[PDB]
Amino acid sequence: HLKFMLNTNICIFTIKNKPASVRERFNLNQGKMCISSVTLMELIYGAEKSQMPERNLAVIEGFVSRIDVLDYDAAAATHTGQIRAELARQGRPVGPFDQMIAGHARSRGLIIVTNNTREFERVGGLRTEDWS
């Protein structure tokens, strides 16, 4: 059963083993984690813009194979639109991909594991954890 949606920075922390606590908690929870395809997009971008696209792509693919990738669907989109409207009324800036990922997790009742929790606590009805 899926319990966590990992943000991009948490994925990178796991991959770099820094902070090590993140990777250790990732390993603890193998089988219960997913990422949004929005996060997959960010990871692919980091690899393809790097000096070693093929190598870094392989790193991402190996990481991703240990988790599920969830399609950003109509429900995800609908929550996201609602959240953006709510954040705007509140005067609370969240980055555009972060907003999508928040909507995606909320639409699935998942905990967002991210390290910029102050910015995600600005979203209503969302549970977050920092494993770092």
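Don't overthink the numbering: it's just position in the shown sequence, from 1.
- As the entry records it, the average C-alpha temperature factor is higher for 89-97, out of 41-49 and 89-97.
- Mean CA B-factor, 52-60 versus 71-79: the higher value falls on 52-60.
- In the deposited entry, the Cα temperature factor of residue 18 places it in the highest third of its chain's modelled residues.
- Split the chain's modelled residues into thirds by C-alpha temperature factor. Residue 111 is in the middle one.
- Among the modelled residues of its chain, residue 102 has a C-alpha B-factor that falls in the highest third, as given in the PDB entry.
- Sorting the modelled residues of the chain by their CA temperature factor places residue 7 in the lowest third.
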